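J.: This is target_17.cif (mmCIF, N, CA and C atoms and all ligand atoms).
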```cif
data_final
loop_
_atom_site.label_atom_id
_atom_site.label_comp_id
_atom_site.auth_asym_id
_atom_site.auth_seq_id
_atom_site.Cartn_x
_atom_site.Cartn_y
_atom_site.Cartn_z
N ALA A 1 -135.40 -1.59 59.79
CA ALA A 1 -135.88 -2.61 60.77
C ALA A 1 -137.39 -2.57 60.84
N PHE A 2 -137.99 -3.67 61.28
CA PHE A 2 -139.43 -3.72 61.46
C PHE A 2 -139.63 -3.57 62.96
N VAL A 3 -140.80 -3.08 63.36
CA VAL A 3 -141.08 -2.79 64.76
C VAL A 3 -142.42 -3.35 65.27
N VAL A 4 -142.42 -3.93 66.47
CA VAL A 4 -143.65 -4.45 67.05
C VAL A 4 -144.29 -3.30 67.84
N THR A 5 -145.57 -3.02 67.59
CA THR A 5 -146.23 -1.93 68.29
C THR A 5 -147.26 -2.38 69.33
N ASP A 6 -148.03 -1.41 69.82
CA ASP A 6 -149.02 -1.61 70.88
C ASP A 6 -149.93 -2.83 70.94
N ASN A 7 -150.61 -3.15 69.84
CA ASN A 7 -151.56 -4.26 69.87
C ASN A 7 -150.98 -5.64 70.18
N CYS A 8 -149.66 -5.77 70.19
CA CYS A 8 -149.04 -7.06 70.52
C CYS A 8 -149.18 -7.33 72.02
N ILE A 9 -149.08 -6.28 72.82
CA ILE A 9 -149.19 -6.40 74.28
C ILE A 9 -150.48 -7.11 74.70
N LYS A 10 -150.35 -8.10 75.57
CA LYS A 10 -151.50 -8.88 76.06
C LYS A 10 -152.05 -9.86 75.03
N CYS A 11 -151.45 -9.90 73.85
CA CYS A 11 -151.87 -10.83 72.80
C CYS A 11 -150.71 -11.80 72.56
N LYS A 12 -149.59 -11.27 72.07
CA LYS A 12 -148.39 -12.07 71.86
C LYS A 12 -148.70 -13.43 71.21
N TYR A 13 -149.23 -13.40 69.99
CA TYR A 13 -149.58 -14.61 69.25
C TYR A 13 -148.35 -15.45 68.88
N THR A 14 -147.24 -14.76 68.65
CA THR A 14 -145.96 -15.34 68.26
C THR A 14 -145.96 -15.98 66.87
N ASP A 15 -146.96 -15.64 66.06
CA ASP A 15 -147.05 -16.18 64.71
C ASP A 15 -145.98 -15.53 63.82
N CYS A 16 -145.31 -14.52 64.36
CA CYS A 16 -144.28 -13.78 63.62
C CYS A 16 -142.88 -14.39 63.70
N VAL A 17 -142.67 -15.29 64.65
CA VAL A 17 -141.35 -15.90 64.83
C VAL A 17 -141.02 -17.03 63.86
N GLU A 18 -142.02 -17.81 63.47
CA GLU A 18 -141.80 -18.94 62.57
C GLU A 18 -141.27 -18.55 61.19
N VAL A 19 -141.74 -17.43 60.66
CA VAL A 19 -141.31 -16.99 59.34
C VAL A 19 -140.03 -16.15 59.34
N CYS A 20 -139.56 -15.75 60.52
CA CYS A 20 -138.35 -14.94 60.61
C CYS A 20 -137.11 -15.76 60.27
N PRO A 21 -136.41 -15.40 59.18
CA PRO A 21 -135.21 -16.14 58.78
C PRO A 21 -133.95 -15.93 59.63
N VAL A 22 -133.93 -14.86 60.44
CA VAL A 22 -132.75 -14.59 61.26
C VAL A 22 -132.96 -14.60 62.78
N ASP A 23 -134.11 -15.11 63.23
CA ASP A 23 -134.40 -15.20 64.66
C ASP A 23 -134.01 -13.96 65.44
N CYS A 24 -134.58 -12.82 65.08
CA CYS A 24 -134.26 -11.57 65.75
C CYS A 24 -135.36 -11.07 66.68
N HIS A 25 -136.18 -11.99 67.19
CA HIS A 25 -137.25 -11.62 68.11
C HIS A 25 -136.83 -11.93 69.55
N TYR A 26 -137.24 -11.07 70.48
CA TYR A 26 -136.93 -11.27 71.89
C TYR A 26 -138.23 -11.08 72.66
N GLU A 27 -138.49 -11.95 73.63
CA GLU A 27 -139.76 -11.90 74.35
C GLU A 27 -139.80 -11.48 75.80
N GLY A 28 -140.92 -10.86 76.14
CA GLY A 28 -141.17 -10.42 77.50
C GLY A 28 -142.40 -11.19 77.95
N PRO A 29 -142.81 -11.03 79.21
CA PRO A 29 -143.99 -11.74 79.73
C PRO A 29 -145.26 -11.59 78.89
N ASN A 30 -145.50 -10.41 78.32
CA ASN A 30 -146.72 -10.21 77.53
C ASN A 30 -146.50 -9.36 76.27
N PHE A 31 -145.30 -9.42 75.72
CA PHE A 31 -144.95 -8.63 74.55
C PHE A 31 -143.71 -9.23 73.87
N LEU A 32 -143.49 -8.87 72.61
CA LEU A 32 -142.34 -9.33 71.85
C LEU A 32 -141.74 -8.14 71.11
N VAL A 33 -140.43 -8.16 70.89
CA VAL A 33 -139.79 -7.07 70.16
C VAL A 33 -138.87 -7.59 69.07
N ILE A 34 -138.54 -6.71 68.14
CA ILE A 34 -137.64 -7.04 67.04
C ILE A 34 -136.34 -6.29 67.24
N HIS A 35 -135.23 -7.02 67.19
CA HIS A 35 -133.92 -6.41 67.35
C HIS A 35 -133.62 -5.69 66.03
N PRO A 36 -133.54 -4.35 66.06
CA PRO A 36 -133.27 -3.54 64.87
C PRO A 36 -131.98 -3.85 64.12
N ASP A 37 -130.93 -4.23 64.84
CA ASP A 37 -129.66 -4.51 64.16
C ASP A 37 -129.61 -5.89 63.51
N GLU A 38 -130.39 -6.83 64.02
CA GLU A 38 -130.39 -8.18 63.46
C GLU A 38 -131.44 -8.35 62.38
N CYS A 39 -132.51 -7.56 62.46
CA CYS A 39 -133.59 -7.63 61.48
C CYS A 39 -133.07 -7.25 60.10
N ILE A 40 -133.37 -8.07 59.09
CA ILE A 40 -132.92 -7.80 57.73
C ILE A 40 -133.99 -7.16 56.86
N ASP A 41 -135.08 -6.72 57.48
CA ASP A 41 -136.17 -6.06 56.76
C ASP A 41 -136.81 -6.88 55.65
N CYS A 42 -136.90 -8.19 55.84
CA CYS A 42 -137.49 -9.03 54.80
C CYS A 42 -139.00 -8.83 54.69
N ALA A 43 -139.59 -8.19 55.70
CA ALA A 43 -141.03 -7.90 55.75
C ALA A 43 -141.95 -9.11 55.84
N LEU A 44 -141.38 -10.31 55.90
CA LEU A 44 -142.16 -11.54 55.96
C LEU A 44 -143.05 -11.74 57.18
N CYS A 45 -142.70 -11.12 58.31
CA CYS A 45 -143.49 -11.28 59.53
C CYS A 45 -144.72 -10.39 59.62
N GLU A 46 -144.69 -9.27 58.91
CA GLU A 46 -145.79 -8.32 58.97
C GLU A 46 -147.19 -8.87 58.69
N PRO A 47 -147.36 -9.65 57.60
CA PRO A 47 -148.71 -10.17 57.35
C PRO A 47 -149.11 -11.37 58.20
N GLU A 48 -148.17 -11.90 58.98
CA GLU A 48 -148.43 -13.06 59.83
C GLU A 48 -149.01 -12.72 61.20
N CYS A 49 -148.92 -11.45 61.59
CA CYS A 49 -149.42 -11.02 62.89
C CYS A 49 -150.92 -10.76 62.92
N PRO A 50 -151.69 -11.60 63.64
CA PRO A 50 -153.15 -11.43 63.72
C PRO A 50 -153.53 -10.08 64.31
N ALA A 51 -152.64 -9.55 65.15
CA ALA A 51 -152.87 -8.27 65.80
C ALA A 51 -152.49 -7.09 64.90
N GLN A 52 -151.93 -7.39 63.73
CA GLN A 52 -151.51 -6.36 62.79
C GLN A 52 -150.72 -5.29 63.54
N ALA A 53 -149.83 -5.75 64.42
CA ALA A 53 -149.03 -4.87 65.26
C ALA A 53 -147.62 -4.57 64.74
N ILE A 54 -147.24 -5.23 63.65
CA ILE A 54 -145.91 -5.03 63.09
C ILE A 54 -145.91 -4.03 61.94
N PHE A 55 -144.95 -3.12 61.95
CA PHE A 55 -144.79 -2.11 60.90
C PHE A 55 -143.31 -1.93 60.60
N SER A 56 -142.99 -1.54 59.37
CA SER A 56 -141.60 -1.26 59.05
C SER A 56 -141.39 0.05 59.81
N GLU A 57 -140.15 0.37 60.17
CA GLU A 57 -139.90 1.59 60.93
C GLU A 57 -140.52 2.83 60.30
N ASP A 58 -140.34 3.00 58.99
CA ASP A 58 -140.87 4.17 58.29
C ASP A 58 -142.39 4.24 58.24
N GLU A 59 -143.06 3.17 58.63
CA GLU A 59 -144.52 3.14 58.60
C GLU A 59 -145.18 3.09 59.97
N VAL A 60 -144.37 3.16 61.03
CA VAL A 60 -144.92 3.13 62.38
C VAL A 60 -145.80 4.37 62.56
N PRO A 61 -147.06 4.18 62.98
CA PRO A 61 -148.00 5.29 63.18
C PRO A 61 -147.41 6.39 64.06
N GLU A 62 -147.87 7.61 63.85
CA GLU A 62 -147.40 8.75 64.61
C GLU A 62 -147.62 8.54 66.11
N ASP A 63 -148.75 7.94 66.48
CA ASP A 63 -149.04 7.73 67.90
C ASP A 63 -148.39 6.50 68.53
N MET A 64 -147.46 5.88 67.81
CA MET A 64 -146.77 4.71 68.34
C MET A 64 -145.27 4.77 68.11
N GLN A 65 -144.77 5.97 67.82
CA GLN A 65 -143.35 6.17 67.58
C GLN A 65 -142.47 5.68 68.74
N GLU A 66 -143.00 5.70 69.95
CA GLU A 66 -142.23 5.27 71.12
C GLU A 66 -141.79 3.81 71.02
N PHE A 67 -142.54 3.00 70.28
CA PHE A 67 -142.21 1.59 70.14
C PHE A 67 -140.92 1.32 69.36
N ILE A 68 -140.50 2.28 68.54
CA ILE A 68 -139.27 2.08 67.78
C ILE A 68 -138.10 1.94 68.75
N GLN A 69 -137.86 2.96 69.56
CA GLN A 69 -136.76 2.88 70.50
C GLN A 69 -137.01 1.78 71.53
N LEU A 70 -138.28 1.58 71.89
CA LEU A 70 -138.62 0.54 72.86
C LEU A 70 -138.20 -0.84 72.37
N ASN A 71 -138.42 -1.14 71.09
CA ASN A 71 -138.02 -2.43 70.55
C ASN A 71 -136.50 -2.58 70.68
N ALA A 72 -135.78 -1.52 70.34
CA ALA A 72 -134.32 -1.53 70.40
C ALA A 72 -133.82 -1.79 71.82
N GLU A 73 -134.42 -1.09 72.78
CA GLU A 73 -134.05 -1.20 74.19
C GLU A 73 -134.33 -2.56 74.81
N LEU A 74 -135.54 -3.09 74.61
CA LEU A 74 -135.88 -4.38 75.19
C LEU A 74 -135.20 -5.56 74.49
N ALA A 75 -134.85 -5.40 73.22
CA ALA A 75 -134.18 -6.48 72.49
C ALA A 75 -132.80 -6.74 73.10
N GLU A 76 -132.31 -5.77 73.88
CA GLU A 76 -131.02 -5.87 74.53
C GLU A 76 -131.05 -6.63 75.85
N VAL A 77 -132.22 -6.68 76.49
CA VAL A 77 -132.34 -7.33 77.79
C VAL A 77 -133.25 -8.55 77.87
N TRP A 78 -134.04 -8.80 76.83
CA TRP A 78 -134.95 -9.94 76.84
C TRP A 78 -134.39 -11.17 76.15
N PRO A 79 -134.88 -12.36 76.53
CA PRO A 79 -134.43 -13.62 75.93
C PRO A 79 -134.94 -13.81 74.51
N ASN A 80 -134.11 -14.46 73.70
CA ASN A 80 -134.41 -14.74 72.30
C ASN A 80 -135.55 -15.76 72.19
N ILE A 81 -136.44 -15.56 71.23
CA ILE A 81 -137.55 -16.49 70.99
C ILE A 81 -137.53 -16.84 69.51
N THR A 82 -137.44 -18.14 69.21
CA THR A 82 -137.38 -18.58 67.82
C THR A 82 -138.44 -19.61 67.46
N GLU A 83 -139.29 -19.97 68.42
CA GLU A 83 -140.34 -20.95 68.17
C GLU A 83 -141.73 -20.42 68.48
N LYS A 84 -142.70 -20.86 67.69
CA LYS A 84 -144.09 -20.46 67.86
C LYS A 84 -144.61 -21.05 69.16
N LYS A 85 -145.37 -20.25 69.90
CA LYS A 85 -145.94 -20.67 71.18
C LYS A 85 -147.43 -20.34 71.14
N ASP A 86 -148.19 -20.80 72.13
CA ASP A 86 -149.61 -20.50 72.17
C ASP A 86 -149.76 -19.03 72.54
N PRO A 87 -150.76 -18.35 71.97
CA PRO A 87 -150.98 -16.93 72.27
C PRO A 87 -151.30 -16.80 73.76
N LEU A 88 -151.23 -15.58 74.29
CA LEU A 88 -151.55 -15.39 75.70
C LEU A 88 -152.99 -15.84 75.93
N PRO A 89 -153.30 -16.34 77.13
CA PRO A 89 -154.64 -16.82 77.49
C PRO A 89 -155.85 -16.07 76.93
N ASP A 90 -155.94 -14.77 77.16
CA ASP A 90 -157.08 -14.02 76.67
C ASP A 90 -156.72 -13.05 75.55
N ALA A 91 -155.89 -13.51 74.63
CA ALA A 91 -155.45 -12.68 73.51
C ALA A 91 -156.60 -12.02 72.75
N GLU A 92 -157.65 -12.78 72.45
CA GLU A 92 -158.78 -12.23 71.71
C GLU A 92 -159.46 -11.07 72.44
N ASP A 93 -159.50 -11.14 73.76
CA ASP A 93 -160.13 -10.08 74.56
C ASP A 93 -159.37 -8.77 74.39
N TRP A 94 -158.05 -8.86 74.30
CA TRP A 94 -157.21 -7.67 74.18
C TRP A 94 -156.84 -7.24 72.77
N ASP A 95 -157.12 -8.08 71.79
CA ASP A 95 -156.79 -7.74 70.41
C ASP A 95 -157.68 -6.60 69.93
N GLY A 96 -157.10 -5.41 69.78
CA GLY A 96 -157.88 -4.27 69.32
C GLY A 96 -158.00 -3.18 70.36
N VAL A 97 -157.69 -3.52 71.61
CA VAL A 97 -157.75 -2.55 72.69
C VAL A 97 -156.57 -1.60 72.55
N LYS A 98 -156.83 -0.30 72.65
CA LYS A 98 -155.78 0.70 72.51
C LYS A 98 -155.07 1.07 73.80
N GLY A 99 -153.89 1.67 73.64
CA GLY A 99 -153.09 2.12 74.77
C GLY A 99 -152.66 1.03 75.73
N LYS A 100 -152.41 -0.16 75.20
CA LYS A 100 -152.00 -1.28 76.04
C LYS A 100 -150.58 -1.14 76.59
N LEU A 101 -149.87 -0.10 76.17
CA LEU A 101 -148.52 0.13 76.65
C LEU A 101 -148.54 0.26 78.17
N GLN A 102 -149.66 0.74 78.70
CA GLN A 102 -149.81 0.92 80.14
C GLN A 102 -149.78 -0.43 80.87
N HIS A 103 -149.95 -1.51 80.12
CA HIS A 103 -149.95 -2.87 80.68
C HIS A 103 -148.67 -3.65 80.40
N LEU A 104 -147.72 -3.03 79.70
CA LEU A 104 -146.46 -3.70 79.36
C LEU A 104 -145.70 -4.18 80.59
N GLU A 105 -145.31 -5.46 80.58
CA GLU A 105 -144.57 -6.05 81.69
C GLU A 105 -143.10 -6.25 81.32
N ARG A 106 -142.20 -5.90 82.23
CA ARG A 106 -140.77 -6.05 81.99
C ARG A 106 -140.33 -7.50 82.27
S1 LIG B 1 -138.86 -8.17 58.89
FE1 LIG B 1 -138.00 -10.27 58.51
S2 LIG B 1 -135.98 -10.29 59.59
FE2 LIG B 1 -137.22 -8.56 60.46
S3 LIG B 1 -138.33 -9.45 62.29
FE3 LIG B 1 -139.70 -9.63 60.45
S4 LIG B 1 -139.35 -11.76 59.65
FE4 LIG B 1 -137.59 -11.21 60.98
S1 LIG B 2 -149.16 -10.20 68.49
FE1 LIG B 2 -146.92 -9.97 68.84
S2 LIG B 2 -145.88 -11.98 69.16
FE2 LIG B 2 -145.80 -11.50 66.93
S3 LIG B 2 -147.59 -12.34 65.81
FE3 LIG B 2 -148.10 -10.23 66.48
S4 LIG B 2 -146.07 -9.22 66.85
#
```
Please go through the file and, once you have read it, give me the structure as structure tokens.
Ligand code: SF4
Ligand code: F3S

T.:
Amino acid sequence: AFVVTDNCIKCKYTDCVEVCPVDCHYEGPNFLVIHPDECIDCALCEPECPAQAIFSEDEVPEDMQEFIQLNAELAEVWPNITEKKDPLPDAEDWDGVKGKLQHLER
């Protein structure tokens, strides 16, 4: 499965949903996750993320391992998103800021 990590929070460009062939993304107020069981590992969404926040599970940085289980957990309770939307209001301000997990909204 592929996993959405920290830099997506407060950015949520959603440029990753249009190329997904199986619509396995689920959205929160300021973050998006990939459902591990529905994801077919096509890797097509990874280069589409301006925040470079997507990684295949085996490539998730050591300091962001928590996002693997987090994607699995939130994909179970959040609504499905299959269409591209406008990025969050101040996405550019937050793109690159570290430790944004502290700002994650349920
Ligand atoms: S790797 Fe492919 S199937 Fe998985 S979330 Fe990305 S675009 Fe969708
Ligand atoms: S910022 Fe998030 S919404 Fe998709 S394009 Fe990147 S994983």

J.: Closest to residue A:21 among A:82, A:71, A:52, A:65, using only C-alpha atoms?

T.: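 Counting only C-alpha atoms, the residue closest to residue A:21 is A:82.
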
J.: Please give the complete set of residues from chain A that DSSP, run on the backbone, assigns to strand (DSSP E or B), formatted as a list in words.

T.: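 Selecting the strand (DSSP E or B) positions of chain A gives residues 2, 3, 4, 25, 26, 27, 28, 31, 32, 33, 34, 54, 55, 56 and 80 of chain A.
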
J.: If the limit is 6.5 Å from any atom of ligand LIG 2 (chain B), counting all atoms listed in the file, which residues qualify? Return them as a list in words.

T.: residues 4, 5, 7, 8, 9, 11, 12, 13, 14, 15, 16, 17, 31, 32, 48, 49, 50, 51, 52, 53 and 54 of chain A

J.: Do you have the atom N of residue A:85-atom N of residue A:19 distance handy?

T.: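 Between atom N of residue A:85 and atom N of residue A:19 the gap works out to 10.3 Å.
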
J.: Return as JSON lines the residues of chain A lying at most 7 Å from ligand LIG 1 (chain B), together with the closest atom-to-atom pair for each and the distance in Å to one decimal, counting all atoms listed in the file, with rows in chain order and ascending residue number.

T.:
```
{"residue": "A:1", "atom": "C", "partner": "B:LIG1", "partner_atom": "FE2", "distance": 6.0}
{"residue": "A:2", "atom": "N", "partner": "B:LIG1", "partner_atom": "FE2", "distance": 5.0}
{"residue": "A:3", "atom": "N", "partner": "B:LIG1", "partner_atom": "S3", "distance": 6.9}
{"residue": "A:16", "atom": "C", "partner": "B:LIG1", "partner_atom": "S4", "distance": 6.0}
{"residue": "A:17", "atom": "CA", "partner": "B:LIG1", "partner_atom": "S4", "distance": 6.9}
{"residue": "A:19", "atom": "C", "partner": "B:LIG1", "partner_atom": "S4", "distance": 4.5}
{"residue": "A:20", "atom": "CA", "partner": "B:LIG1", "partner_atom": "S4", "distance": 3.5}
{"residue": "A:21", "atom": "N", "partner": "B:LIG1", "partner_atom": "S4", "distance": 4.7}
{"residue": "A:22", "atom": "N", "partner": "B:LIG1", "partner_atom": "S2", "distance": 5.1}
{"residue": "A:23", "atom": "N", "partner": "B:LIG1", "partner_atom": "FE4", "distance": 5.7}
{"residue": "A:24", "atom": "N", "partner": "B:LIG1", "partner_atom": "FE4", "distance": 5.3}
{"residue": "A:25", "atom": "N", "partner": "B:LIG1", "partner_atom": "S3", "distance": 5.9}
{"residue": "A:34", "atom": "CA", "partner": "B:LIG1", "partner_atom": "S3", "distance": 5.4}
{"residue": "A:35", "atom": "N", "partner": "B:LIG1", "partner_atom": "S3", "distance": 6.3}
{"residue": "A:38", "atom": "C", "partner": "B:LIG1", "partner_atom": "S2", "distance": 5.7}
{"residue": "A:39", "atom": "CA", "partner": "B:LIG1", "partner_atom": "FE2", "distance": 3.9}
{"residue": "A:40", "atom": "N", "partner": "B:LIG1", "partner_atom": "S2", "distance": 3.5}
{"residue": "A:41", "atom": "CA", "partner": "B:LIG1", "partner_atom": "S1", "distance": 4.0}
{"residue": "A:42", "atom": "N", "partner": "B:LIG1", "partner_atom": "FE1", "distance": 3.6}
{"residue": "A:43", "atom": "N", "partner": "B:LIG1", "partner_atom": "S1", "distance": 3.3}
{"residue": "A:44", "atom": "N", "partner": "B:LIG1", "partner_atom": "FE1", "distance": 4.3}
{"residue": "A:45", "atom": "N", "partner": "B:LIG1", "partner_atom": "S4", "distance": 3.7}
{"residue": "A:46", "atom": "N", "partner": "B:LIG1", "partner_atom": "FE3", "distance": 5.2}
```

J.: If you measure from atom N of residue A:26 to atom N of residue A:67, what distance in Å do you get, rounded to one decimal?

T.: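 Atom-to-atom, atom N of residue A:26 to atom N of residue A:67, that is 15.0 Å.
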
J.: My list of candidates is A:56, A:94, A:89, A:36. Which is closest to residue A:69 when distances are computed with only C-alpha atoms?

T.: A:36
